[PDB]
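Engineer: To be precise about what I am sending: the file is called coords.txt and holds compact mmCIF, C-alpha atoms and all ligand atoms.
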```txt
# COMPACT_ATOMS: atom_id res chain seq x y z
CA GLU A 1 38.74 -6.35 28.12
CA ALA A 2 37.98 -9.92 27.03
CA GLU A 3 36.08 -8.61 24.01
CA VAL A 4 39.00 -6.32 23.12
CA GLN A 5 41.43 -9.25 23.24
CA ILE A 6 39.02 -11.42 21.24
CA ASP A 7 38.66 -8.67 18.62
CA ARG A 8 42.45 -8.35 18.31
CA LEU A 9 42.79 -12.12 17.87
CA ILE A 10 39.90 -12.13 15.37
CA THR A 11 41.38 -9.39 13.20
CA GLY A 12 44.85 -10.97 13.27
CA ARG A 13 43.50 -14.38 12.27
CA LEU A 14 41.35 -12.76 9.57
CA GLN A 15 44.40 -11.02 8.12
CA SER A 16 46.32 -14.31 8.12
CA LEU A 17 43.41 -16.11 6.44
CA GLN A 18 43.10 -13.40 3.78
CA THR A 19 46.82 -13.62 3.01
CA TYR A 20 46.62 -17.41 2.74
CA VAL A 21 43.57 -17.23 0.47
CA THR A 22 45.26 -14.71 -1.83
CA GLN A 23 48.40 -16.84 -2.11
CA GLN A 24 46.29 -19.93 -2.83
CA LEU A 25 44.40 -18.08 -5.57
CA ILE A 26 47.65 -16.94 -7.21
CA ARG A 27 49.12 -20.45 -7.14
CA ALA A 28 45.89 -21.95 -8.47
CA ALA A 29 45.85 -19.52 -11.40
CA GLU A 30 49.47 -20.32 -12.24
CA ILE A 31 48.84 -24.08 -12.06
CA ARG A 32 45.75 -23.69 -14.25
CA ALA A 33 47.75 -21.85 -16.91
CA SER A 34 50.53 -24.46 -16.83
CA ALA A 35 48.07 -27.35 -17.11
CA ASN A 36 46.27 -25.64 -20.00
CA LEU A 37 49.61 -25.40 -21.81
CA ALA A 38 50.30 -29.07 -21.07
CA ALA A 39 46.89 -30.10 -22.41
CA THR A 40 47.47 -28.07 -25.57
CA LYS A 41 50.82 -29.79 -26.10
CA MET A 42 49.30 -33.23 -25.51
CA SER A 43 46.46 -32.61 -27.96
CA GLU A 44 48.98 -31.22 -30.46
CA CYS A 45 51.85 -33.72 -30.65
CA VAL A 46 50.62 -36.94 -29.02
CA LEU A 47 47.70 -37.60 -31.37
CA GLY A 48 49.47 -36.68 -34.61
CA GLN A 49 52.74 -35.28 -35.92
CA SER A 50 53.78 -31.70 -35.22
CA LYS B 1 47.18 -27.37 -39.92
CA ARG B 2 47.49 -28.49 -36.30
CA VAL B 3 44.96 -31.16 -35.40
CA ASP B 4 42.15 -30.35 -32.95
CA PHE B 5 43.08 -26.69 -32.53
CA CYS B 6 39.77 -25.28 -33.79
CA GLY B 7 37.09 -27.82 -34.63
CA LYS B 8 37.12 -31.61 -34.41
CA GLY B 9 38.99 -33.61 -37.02
CA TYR B 10 40.31 -32.10 -40.22
CA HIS B 11 39.54 -28.38 -40.41
CA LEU B 12 38.21 -26.52 -43.45
CA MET B 13 37.31 -22.93 -42.46
CA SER B 14 35.43 -20.92 -39.87
CA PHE B 15 32.89 -18.12 -39.50
CA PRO B 16 32.87 -15.53 -36.69
CA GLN B 17 29.78 -14.21 -34.95
CA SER B 18 29.31 -11.50 -32.34
CA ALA B 19 27.98 -11.88 -28.80
CA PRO B 20 26.95 -9.46 -26.04
CA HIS B 21 30.21 -10.03 -24.14
CA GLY B 22 32.21 -12.35 -26.35
CA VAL B 23 32.59 -14.01 -29.73
CA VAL B 24 31.10 -17.17 -31.24
CA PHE B 25 32.95 -19.31 -33.78
CA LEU B 26 31.42 -21.80 -36.21
CA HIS B 27 33.93 -24.36 -37.50
CA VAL B 28 33.24 -26.47 -40.58
CA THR B 29 34.85 -29.89 -40.21
CA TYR B 30 35.54 -32.86 -42.48
CA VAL B 31 34.90 -36.36 -41.14
CA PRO B 32 35.13 -39.71 -42.98
CA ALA B 33 33.05 -42.84 -42.46
CA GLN B 34 32.02 -46.14 -44.11
CA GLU B 35 35.29 -48.01 -43.72
CA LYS B 36 36.34 -51.13 -45.62
CA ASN B 37 39.01 -53.85 -45.48
CA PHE B 38 41.89 -54.62 -47.82
CA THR B 39 45.11 -56.62 -48.12
CA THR B 40 48.20 -54.43 -48.47
CA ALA B 41 51.92 -54.70 -49.18
CA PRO B 42 54.85 -52.30 -48.69
CA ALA B 43 56.76 -52.83 -51.93
CA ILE B 44 56.46 -54.29 -55.43
CA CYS B 45 59.12 -56.45 -57.09
CA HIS B 46 59.48 -56.61 -60.87
CA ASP B 47 62.43 -57.93 -62.90
CA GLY B 48 64.61 -58.01 -59.79
CA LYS B 49 63.97 -54.34 -58.97
CA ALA B 50 62.05 -52.60 -56.19
CA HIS B 51 59.19 -50.21 -56.98
CA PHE B 52 57.71 -47.70 -54.54
CA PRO B 53 54.64 -45.45 -54.85
CA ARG B 54 55.25 -41.75 -55.44
CA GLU B 55 52.34 -40.84 -53.16
CA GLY B 56 49.74 -43.12 -51.62
CA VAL B 57 49.61 -46.77 -50.57
CA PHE B 58 49.26 -50.15 -52.25
CA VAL B 59 45.96 -52.01 -52.01
CA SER B 60 44.61 -55.28 -53.39
CA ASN B 61 41.19 -56.90 -53.18
CA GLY B 62 42.58 -60.38 -53.85
CA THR B 63 43.32 -60.55 -57.58
CA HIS B 64 44.59 -57.12 -58.71
CA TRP B 65 46.82 -54.43 -57.21
CA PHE B 66 45.93 -50.73 -57.23
CA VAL B 67 47.19 -47.49 -55.68
CA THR B 68 44.92 -45.04 -53.85
CA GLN B 69 45.26 -41.94 -51.71
CA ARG B 70 45.38 -41.96 -47.92
CA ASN B 71 41.86 -40.65 -47.24
CA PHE B 72 39.80 -41.80 -50.24
CA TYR B 73 39.29 -44.88 -52.41
CA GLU B 74 39.70 -44.20 -56.15
CA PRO B 75 41.76 -47.13 -57.46
CA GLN B 76 43.93 -46.58 -60.53
CA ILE B 77 45.98 -48.89 -62.71
CA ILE B 78 49.58 -49.06 -61.52
CA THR B 79 52.04 -47.67 -64.07
CA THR B 80 55.60 -46.35 -64.16
CA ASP B 81 54.38 -42.73 -63.97
CA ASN B 82 53.26 -42.95 -60.32
CA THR B 83 56.18 -45.03 -59.02
CA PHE B 84 59.96 -44.83 -58.72
CA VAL B 85 62.72 -47.44 -58.51
CA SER B 86 65.43 -47.63 -55.84
CA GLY B 87 67.80 -50.59 -55.80
CA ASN B 88 66.79 -54.24 -55.74
CA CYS B 89 64.26 -55.82 -53.37
CA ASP B 90 66.23 -58.44 -51.45
CA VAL B 91 66.29 -56.93 -47.95
CA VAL B 92 62.80 -55.37 -48.04
CA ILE B 93 60.35 -57.22 -45.78
CA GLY B 94 56.93 -58.05 -47.18
CA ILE B 95 57.71 -57.97 -50.91
CA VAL B 96 55.15 -59.50 -53.27
CA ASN B 97 55.54 -60.66 -56.86
CA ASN B 98 53.61 -58.71 -59.49
CA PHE C 1 42.04 -31.72 12.20
CA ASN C 2 41.94 -28.04 13.19
CA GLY C 3 39.11 -26.71 11.04
CA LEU C 4 40.64 -27.74 7.71
CA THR C 5 40.36 -30.84 5.54
CA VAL C 6 41.68 -32.25 2.27
CA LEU C 7 39.02 -33.31 -0.21
CA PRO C 8 39.84 -36.50 -2.15
CA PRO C 9 40.29 -36.04 -5.90
CA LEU C 10 37.49 -37.10 -8.22
CA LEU C 11 39.87 -39.08 -10.44
CA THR C 12 41.82 -42.00 -8.99
CA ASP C 13 44.98 -43.67 -10.26
CA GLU C 14 43.26 -46.63 -11.94
CA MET C 15 41.12 -44.72 -14.44
CA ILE C 16 44.03 -42.39 -15.23
CA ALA C 17 46.22 -45.40 -15.99
CA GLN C 18 43.46 -46.88 -18.15
CA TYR C 19 43.14 -43.62 -20.10
CA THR C 20 46.90 -43.51 -20.67
CA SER C 21 46.85 -47.12 -21.87
CA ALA C 22 43.98 -46.33 -24.24
CA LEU C 23 45.81 -43.32 -25.69
CA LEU C 24 48.99 -45.37 -26.08
CA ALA C 25 47.15 -48.16 -27.91
CA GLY C 26 45.42 -45.63 -30.14
CA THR C 27 48.68 -43.89 -31.04
CA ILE C 28 50.48 -47.18 -31.72
CA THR C 29 48.06 -49.45 -33.56
CA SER C 30 45.94 -46.83 -35.36
CA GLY C 31 48.04 -43.73 -35.95
CA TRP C 32 46.63 -40.21 -36.11
CA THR C 33 43.38 -41.20 -37.84
CA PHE C 34 41.59 -42.07 -34.59
CA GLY C 35 41.92 -38.45 -33.48
CA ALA C 36 39.45 -37.33 -36.15
CA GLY C 37 37.00 -40.11 -37.02
CA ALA C 38 37.22 -43.82 -36.24
CA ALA C 39 40.35 -45.86 -35.59
CA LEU C 40 41.94 -47.86 -38.41
CA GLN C 41 44.14 -50.95 -38.47
CA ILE C 42 47.48 -50.00 -40.03
CA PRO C 43 50.78 -51.89 -39.69
CA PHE C 44 53.50 -50.06 -37.77
CA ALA C 45 55.99 -50.06 -40.66
CA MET C 46 53.75 -47.98 -42.92
CA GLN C 47 53.08 -45.51 -40.10
CA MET C 48 56.84 -45.09 -39.69
CA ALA C 49 57.18 -44.59 -43.45
CA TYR C 50 54.48 -41.91 -43.45
CA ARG C 51 56.04 -40.13 -40.48
CA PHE C 52 59.42 -40.08 -42.24
CA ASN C 53 57.80 -38.82 -45.45
CA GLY C 54 56.23 -36.03 -43.41
CA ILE C 55 59.57 -34.43 -42.51
CA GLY C 56 61.22 -34.63 -45.94
CA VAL C 57 63.06 -37.97 -45.99
CA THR C 58 62.02 -40.41 -48.70
CA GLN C 59 60.41 -43.59 -47.38
CA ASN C 60 63.10 -45.77 -49.00
CA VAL C 61 65.48 -44.98 -46.12
CA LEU C 62 63.23 -46.63 -43.54
CA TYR C 63 62.65 -49.81 -45.54
CA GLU C 64 66.37 -50.11 -46.27
CA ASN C 65 67.38 -49.52 -42.62
CA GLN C 66 64.77 -51.36 -40.55
CA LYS C 67 67.09 -53.52 -38.42
CA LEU C 68 69.44 -50.67 -37.53
CA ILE C 69 66.49 -48.46 -36.58
CA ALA C 70 65.04 -51.22 -34.40
CA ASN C 71 68.36 -51.76 -32.63
CA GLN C 72 68.82 -48.02 -32.09
CA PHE C 73 65.32 -47.68 -30.65
CA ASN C 74 65.88 -50.65 -28.33
CA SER C 75 69.18 -49.20 -27.10
CA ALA C 76 67.54 -45.80 -26.57
CA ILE C 77 64.71 -47.26 -24.51
CA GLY C 78 67.19 -49.36 -22.55
CA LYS C 79 69.30 -46.35 -21.65
CA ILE C 80 66.29 -44.17 -20.80
CA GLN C 81 65.20 -46.99 -18.49
CA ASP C 82 68.26 -46.28 -16.32
CA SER C 83 68.65 -42.55 -17.03
CA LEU C 84 66.05 -41.42 -14.48
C1 LIG D 1 37.29 -55.79 -41.30
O1 LIG D 1 37.71 -57.00 -40.66
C2 LIG D 1 37.52 -57.01 -39.23
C3 LIG D 1 38.08 -58.32 -38.73
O2 LIG D 1 37.15 -59.39 -38.92
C4 LIG D 1 36.04 -56.83 -38.90
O3 LIG D 1 35.89 -56.76 -37.49
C5 LIG D 1 34.89 -57.71 -37.08
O4 LIG D 1 33.58 -57.33 -37.52
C6 LIG D 1 32.54 -58.25 -37.15
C7 LIG D 1 31.26 -57.74 -37.77
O5 LIG D 1 30.57 -56.87 -36.88
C8 LIG D 1 32.47 -58.38 -35.63
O6 LIG D 1 31.50 -59.35 -35.29
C9 LIG D 1 33.83 -58.77 -35.07
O7 LIG D 1 33.79 -58.77 -33.65
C10 LIG D 1 34.91 -57.81 -35.55
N1 LIG D 1 36.21 -58.21 -35.07
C11 LIG D 1 36.89 -57.54 -34.13
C12 LIG D 1 38.22 -58.10 -33.74
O8 LIG D 1 36.44 -56.52 -33.62
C13 LIG D 1 35.51 -55.56 -39.55
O9 LIG D 1 34.10 -55.46 -39.34
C14 LIG D 1 35.80 -55.57 -41.05
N2 LIG D 1 35.34 -54.33 -41.66
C15 LIG D 1 34.14 -54.21 -42.24
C16 LIG D 1 33.83 -52.86 -42.83
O10 LIG D 1 33.34 -55.14 -42.29
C1 LIG D 2 39.15 -56.94 -57.64
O1 LIG D 2 38.89 -55.77 -58.40
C2 LIG D 2 39.16 -55.92 -59.80
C3 LIG D 2 38.93 -54.57 -60.43
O2 LIG D 2 37.55 -54.21 -60.39
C4 LIG D 2 38.29 -57.02 -60.39
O3 LIG D 2 38.69 -57.24 -61.74
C5 LIG D 2 37.57 -57.10 -62.63
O4 LIG D 2 36.38 -57.69 -62.09
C6 LIG D 2 35.23 -57.57 -62.95
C7 LIG D 2 34.06 -58.15 -62.20
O5 LIG D 2 33.70 -57.34 -61.09
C8 LIG D 2 35.50 -58.26 -64.28
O6 LIG D 2 34.38 -58.07 -65.14
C9 LIG D 2 36.76 -57.71 -64.93
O7 LIG D 2 37.07 -58.45 -66.10
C10 LIG D 2 37.93 -57.78 -63.95
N1 LIG D 2 39.13 -57.20 -64.54
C11 LIG D 2 39.25 -55.92 -64.92
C12 LIG D 2 40.58 -55.54 -65.50
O8 LIG D 2 38.34 -55.11 -64.80
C13 LIG D 2 38.43 -58.31 -59.60
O9 LIG D 2 37.48 -59.27 -60.05
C14 LIG D 2 38.23 -58.06 -58.11
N2 LIG D 2 38.46 -59.28 -57.35
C15 LIG D 2 37.73 -59.62 -56.28
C16 LIG D 2 38.10 -60.91 -55.62
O10 LIG D 2 36.82 -58.91 -55.86
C1 LIG D 3 52.44 -61.32 -40.77
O1 LIG D 3 52.02 -62.13 -39.66
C2 LIG D 3 51.86 -63.52 -39.98
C3 LIG D 3 51.33 -64.19 -38.74
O2 LIG D 3 52.30 -64.19 -37.70
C4 LIG D 3 53.19 -64.09 -40.46
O3 LIG D 3 53.02 -65.46 -40.81
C5 LIG D 3 54.10 -66.21 -40.22
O4 LIG D 3 55.23 -66.27 -41.11
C6 LIG D 3 56.36 -66.97 -40.56
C7 LIG D 3 57.48 -66.86 -41.57
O5 LIG D 3 57.30 -65.73 -42.42
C8 LIG D 3 55.97 -68.42 -40.25
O6 LIG D 3 57.07 -69.08 -39.64
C9 LIG D 3 54.76 -68.46 -39.33
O7 LIG D 3 54.33 -69.80 -39.16
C10 LIG D 3 53.62 -67.63 -39.91
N1 LIG D 3 52.49 -67.60 -39.00
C11 LIG D 3 51.38 -68.32 -39.20
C12 LIG D 3 50.31 -68.17 -38.16
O8 LIG D 3 51.24 -69.05 -40.18
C13 LIG D 3 53.70 -63.30 -41.65
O9 LIG D 3 54.99 -63.76 -42.03
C14 LIG D 3 53.79 -61.82 -41.29
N2 LIG D 3 54.22 -61.04 -42.44
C15 LIG D 3 55.33 -60.29 -42.44
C16 LIG D 3 55.63 -59.56 -43.71
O10 LIG D 3 56.05 -60.20 -41.45
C1 LIG D 4 58.81 -64.34 -57.20
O1 LIG D 4 59.62 -64.38 -58.38
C2 LIG D 4 60.95 -64.86 -58.15
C3 LIG D 4 61.69 -64.73 -59.46
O2 LIG D 4 61.35 -65.78 -60.35
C4 LIG D 4 60.90 -66.29 -57.63
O3 LIG D 4 62.22 -66.73 -57.34
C5 LIG D 4 62.49 -67.95 -58.07
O4 LIG D 4 61.52 -68.96 -57.79
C6 LIG D 4 61.73 -70.18 -58.52
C7 LIG D 4 60.58 -71.10 -58.19
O5 LIG D 4 60.35 -71.16 -56.79
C8 LIG D 4 63.09 -70.77 -58.16
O6 LIG D 4 63.32 -71.94 -58.94
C9 LIG D 4 64.20 -69.76 -58.40
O7 LIG D 4 65.44 -70.27 -57.93
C10 LIG D 4 63.88 -68.45 -57.68
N1 LIG D 4 64.91 -67.45 -57.95
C11 LIG D 4 65.19 -66.95 -59.17
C12 LIG D 4 66.28 -65.93 -59.22
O8 LIG D 4 64.58 -67.31 -60.18
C13 LIG D 4 60.04 -66.37 -56.38
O9 LIG D 4 59.88 -67.72 -55.98
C14 LIG D 4 58.66 -65.75 -56.64
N2 LIG D 4 57.85 -65.77 -55.43
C15 LIG D 4 58.15 -65.10 -54.31
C16 LIG D 4 57.18 -65.25 -53.18
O10 LIG D 4 59.16 -64.41 -54.20
```
Just give me the structure of the file as structure tokens.
Structural biologist:
Amino acid sequence: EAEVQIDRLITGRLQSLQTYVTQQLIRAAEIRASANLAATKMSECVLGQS
Amino acid sequence: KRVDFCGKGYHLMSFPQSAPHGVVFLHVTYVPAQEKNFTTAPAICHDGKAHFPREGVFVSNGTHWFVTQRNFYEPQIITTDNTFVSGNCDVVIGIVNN
Amino acid sequence: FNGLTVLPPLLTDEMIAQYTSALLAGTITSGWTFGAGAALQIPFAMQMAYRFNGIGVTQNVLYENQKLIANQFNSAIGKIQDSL
């Protein structure tokens, strides 16, 4: 029974970890896109005149 | 027209090339070098009037005054054909007699 | 600590501030030329005149309205000091 309980805990924690990893990946992709846009703007109209 | 979009510095043109899973661009760029030094002035006063360059900037090596472009040095004799008059130079800062 | 940690960033505040200062100096005392080749010494007034000529206003306006422009810029920076 101890192994059954441990397996239940393991699968629950694995599901939680997978959800957290997926959310982190989504947020990282969004932040990367936003920072790429910011870098484009900085290279466009901070060095010269737009 | 936008600076540093494709290529470094002023852009001229580009050539595309294929790749197994992508594309390869070759940008041809224009870059200046061999700088110099000069003494400049913003405006020219003559007969109580102010003269401004139509396009370019005023330069002088010490004894004569010439007008050149922004990115190259081909001095030309200043005339009335490449300048225009606007009011009198009394409030302009940096005027020089000529 | 419960099995997780926060890695320190590679870039610190000091070098970032130095980079911002370098960019600011380049965009003030040199203009847009340093973004292509090598930086040039150009007085600020002529850079303002060129920037005005870029948008369609003749450069005479700037040289005939220098003091008013300076006062307006100073007031703008003073109010943006307190705005945020
Ligand atoms: C234009 O004038 C500046 C000011 O003197 C020159 O800059 C100096 O150049 C010498 C020669 O290498 C250096 O030893 C000095 O340290 C420079 N001064 C500064 C403040 O950096 C510049 O070289 C001149 N331009 C040319 C093409 O000679
Ligand atoms: C500044 O440049 C002008 C234009 O080249 C020089 O004026 C001429 O100089 C040459 C000698 O290099 C003389 O033979 C000419 O008679 C000058 N006048 C003209 C109308 O060509 C001037 O000497 C230069 N000054 C300095 C200090 O370099
Ligand atoms: C460019 O800068 C120089 C150096 O500051 C200015 O020369 C000063 O001129 C004022 C009056 O015009 C004098 O009271 C100072 O004594 C001068 N300084 C030195 C070191 O002699 C020059 O006026 C400036 N040019 C312009 C157009 O503003
Ligand atoms: C530029 O030319 C003007 C016009 O002649 C000069 O202004 C005169 O200078 C003389 C001699 O200094 C004075 O006696 C006059 O009173 C001035 N005014 C007029 C209306 O003649 C001026 O000095 C010259 N130099 C500069 C740097 O502006």
Engineer: Return as AutoDock Vina command-line options the centre and edge lengths, in Å with one decimal, of the box along x, y and z that encloses every atom of ligand LIG 3 (chain D) in the file, padded by 6 Å per side.
Structural biologist:
```
--center_x 53.9 --center_y -64.7 --center_z -40.7 --size_x 19.2 --size_y 22.2 --size_z 18.0
```
Engineer: Give as a list in words every residue of chain C that touches chain A within 12 Å, counting only C-alpha atoms.
Structural biologist: residues 20, 22, 23, 24, 25, 26, 27, 28, 30, 31, 32, 33, 34, 35, 36, 39, 47, 48, 50, 51, 52, 53, 54 and 55 of chain C
Engineer: Could I get the residues of chain B with an atom no further than 12 Å from an atom of ligand LIG 4 (chain D), each paired with its nearest atom pair and that distance in Å to one decimal, using all atoms listed in the file, sorted by chain and residue number, as CSV?
Structural biologist:
```
residue,atom,partner,partner_atom,distance
B:44,CA,D:LIG4,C1,10.5
B:45,CA,D:LIG4,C1,7.9
B:46,CA,D:LIG4,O1,8.2
B:47,CA,D:LIG4,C3,7.7
B:48,CA,D:LIG4,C3,7.3
B:49,CA,D:LIG4,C3,10.6
B:89,CA,D:LIG4,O10,10.0
B:90,CA,D:LIG4,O10,9.7
B:92,CA,D:LIG4,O10,11.5
B:93,CA,D:LIG4,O10,11.1
B:94,CA,D:LIG4,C16,9.4
B:95,CA,D:LIG4,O10,7.4
B:96,CA,D:LIG4,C16,6.1
B:97,CA,D:LIG4,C1,4.9
B:98,CA,D:LIG4,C1,8.0
```
Engineer: Write out as CSV the residues of chain B that have any atom within 8 Å of an atom of ligand LIG 1 (chain D), one row each with the nearest atom pair and its distance in Å to one decimal, counting only C-alpha atoms and all ligand atoms, sorted by chain and then rising number.
Structural biologist:
```
residue,atom,partner,partner_atom,distance
B:34,CA,D:LIG1,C16,7.1
B:35,CA,D:LIG1,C16,5.1
B:36,CA,D:LIG1,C16,4.1
B:37,CA,D:LIG1,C1,4.9
```
Engineer: Atoms to include: C-alpha atoms. Write the selected residues as a compact mmCIF listing (two decimals), in the frame of the given file.
Structural biologist:
```
# COMPACT_ATOMS: atom_id res chain seq x y z
CA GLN B 34 32.02 -46.14 -44.11
CA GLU B 35 35.29 -48.01 -43.72
CA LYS B 36 36.34 -51.13 -45.62
CA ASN B 37 39.01 -53.85 -45.48
```
Engineer: What are the residues of chain C that have an atom within 8 Å of an atom of chain B, counting all atoms listed in the file, as a PyMOL selection string?
Structural biologist: chain C and resi 35-38+46+60+63-64
Engineer: Generate the output file for the selected residues, C-alpha atoms, as a PDB file, in the frame of the given file.
Structural biologist:
```pdb
ATOM      1  CA  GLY C  35      41.920 -38.450 -33.480  1.00  0.00           C
ATOM      2  CA  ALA C  36      39.450 -37.330 -36.150  1.00  0.00           C
ATOM      3  CA  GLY C  37      37.000 -40.110 -37.020  1.00  0.00           C
ATOM      4  CA  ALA C  38      37.220 -43.820 -36.240  1.00  0.00           C
ATOM      5  CA  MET C  46      53.750 -47.980 -42.920  1.00  0.00           C
ATOM      6  CA  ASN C  60      63.100 -45.770 -49.000  1.00  0.00           C
ATOM      7  CA  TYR C  63      62.650 -49.810 -45.540  1.00  0.00           C
ATOM      8  CA  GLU C  64      66.370 -50.110 -46.270  1.00  0.00           C
TER       9      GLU C  64
END
```
Engineer: With only C-alpha atoms as the basis for distance, which of B:23, B:5, B:38, B:12 is at the shortest distance from residue 65 (chain B)?
Structural biologist: B:38
Engineer: What is the distance, in Å and to one decimal place, between CA of residue 57 (chain C) and CA of residue 44 (chain C)?
Structural biologist: 17.5 Å
Engineer: Which is closer to ligand LIG 2 (chain D) than all the others in B:62, B:14, B:83, B:67, using only C-alpha atoms and all ligand atoms?
Structural biologist: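 For ligand LIG 2 (chain D), the nearest of the candidates is B:62.
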Engineer: Measure the distance from atom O10 of ligand LIG 2 (chain D) to CA of residue 29 (chain C) in Å and round it to one decimal.
Structural biologist: 26.7 Å
